[PDB]
Amino acid sequence: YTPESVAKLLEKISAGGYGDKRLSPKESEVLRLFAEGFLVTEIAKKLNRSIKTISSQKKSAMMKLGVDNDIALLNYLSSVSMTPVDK
């Protein structure tokens, strides 16, 4: 969720993310729960599905946005500020 030195590093590596102005519906749901706290296991159980279709969906958001870490997606949603939770 929130480390301290990989989080200051990752917000310095990406620093923005203004390409596509909204990310796809299931991309935004899987990222909203990852950004809230829930992990790929609990995000799949909450959305009523397996960890495989969640992992393909989080890897579709990771590869479309251009990141190489799960914490880098959490930085992305805080950097753009899509949700009102500052995190």
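Note that residue numbers begin from 1 in each chain and follow the written sequence, not necessarily the entry's scheme, while residues that lack coordinates are absent from the view. For the side-chain quantities, the full set of heavy atoms in the structure was used; hydrogens and water were omitted.

- Method of determination, as given in the entry header: solution NMR.

**A few points about helix α4 (residues 51–65)**
So, point 1. Helix length check: α4 (15 residues) gives 21 Å between terminal C-alpha atoms against 21 Å at 1.5 Å per residue, within 8%.
So, point 2. What α4 keeps buried is the set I54, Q57, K58 and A61. Taken end-on, α4 shows its buried residues confined to a sector of 95 degrees, consistent with a single buried face. Facing away from the buried side of α4, by more than 90 degrees, are the exposed residues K52 and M63.
So, point 3. The criterion used for residue contact is that any of the two residues' heavy atoms lie within 4.5 Å. Comment: elements are numbered from the N terminus, with helices defined as DSSP H or I runs of at least four residues and strands as E runs of at least two. Where α4 is buried, its residues touch α2 (25–36), α3 (40–46) and α5 (70–80).
So, point 4. Following α4 by one or two positions, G66 adopts a phi angle in the positive range, close to 90 degrees. In this scheme, a helix's expected span is set at 1.5 Å multiplied by one less than its residue total. When accessible area is computed with a 1.4 Å probe and restricted to protein chains, residues below 20% of their type maximum are described as buried, those above 50% as exposed, and intermediate ones as partly exposed. Note that the arc is defined by the directions from the helix axis to the C-beta atoms.

**Quick look at α2**
So, point 1. With 12 residues, α2 should reach 16 Å at 1.5 Å per residue; the first-to-last C-alpha distance of 16 Å fits that figure.
So, point 2. Looking at the buried positions of α2, the neighbouring elements they touch are α3, α4 and α5.
So, point 3. Positioned one or two residues after α2, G37 has a phi angle of 145 degrees, which is positive.

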